[PDB]
Every structure is written in C-alpha cells, then in structure tokens.
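The chain below stands alone and is given in structure tokens; this is the form deposited in one PDB entry.
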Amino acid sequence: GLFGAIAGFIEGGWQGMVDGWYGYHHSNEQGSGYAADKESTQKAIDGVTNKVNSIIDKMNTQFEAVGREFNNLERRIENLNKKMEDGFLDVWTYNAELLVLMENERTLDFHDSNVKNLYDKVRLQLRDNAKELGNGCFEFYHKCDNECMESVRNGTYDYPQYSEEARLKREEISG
C-alpha cells in the first residue's frame, strides 16, 4: 500500500502462520516451519485494540428522553424538533461513516508499516551474511541451525560468529 510491503515486494500472506500477524518462515536441516514475531504482533494488537477502544470510549452519552409530546396545534415546534433530530442523525451518520473509512485505511497502512519494519529488522541484523532475494526471503550464505534462526527472531543474531564462513561462501558464489 503506502510502504509497498504487504501487497508489494511480499506477494501474499501465509496461511501456515496461525499464532500471530507478522512472522518468520524458516527452512534448514532440522526442517521448515513458521514462527511469529512476539513483540511486533503484540504491539500491533495493543495499538489496534487501543484504537477501537478510543473510538468507543470518547463517546459522551448522557440521559435523554424522546419524544413526541406536541399536539396538532403545535406543529411548528414539532417541525423544529424534527429539524434538530434529523440534523443530529445526519451529523452522526456522516462522521461515523467517514471515521470508519479513514481509520480502516490507516489500520491497513499500519500493518504495511509493521511488516516493512520487520523486514528491515532482519535485514539490519544479518547484512551481508545473507542474500536479499527480493521476495521477502533471505538466503543464508552459511549454516543456520534452530538456535541461530531463533536468535534471528530474538533480535540476538550474532553476526561475527558467522562473518567469515559467509564471507567464504560469498566469495565462492556471489561472483
């Protein structure tokens, strides 16, 4: 959308992932699978739930009673009340509708932003120890066991621990 990620360089989402919104898909010798990024998923959830609850709680509701209390020789006042009621319905209808449109758009753009920021998190973690396939996937220039990938997800990935091996396979294949 706005950040070009969700329906952009990442063409499609993962039915496979179930435990969260944004996440990782790994494939090594132990096998393949999905794992959701805890932090970003919870932050996105908290922000969205807070949005909905903000849209709900800011409404001031006080007691009102309505209301057809005028006789057939009081129809001008009845019309005045009609103009008031109809005016308020028009206001609340227009504002509710537009609120929903605008805020829905911002929500989708929010998801886009979240995913892009995730891709940049991993990207910034590995750098040249892996190749950017441009599909949203990273091709490791080295061996990465489950602890290593779980350390990519953790944000704890050790780059020096693999800098040289990746260096070797990079100067082997990246040219």
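The term rigid core refers to the most C-alpha atoms you can superpose between the two forms while keeping them within 1.5 Å. For every residue, the number given is its place in the sequence shown, counted from 1.
One more form of this protein, deposited in another entry, exists but is not displayed; see below.
- Measuring CA movement between the shown form and the other one with the rigid core aligned, the set 46, 39, 139, 69 has one residue at 2 Å or more: 69.
- Core-superposed comparison between the shown form and the other one: the C-alpha position of residue 59 differs by no less than 2 Å.
- Residue displacement note: residue 80 has its CA displaced by at least 2 Å between the shown form and the other one (rigid core superposed).
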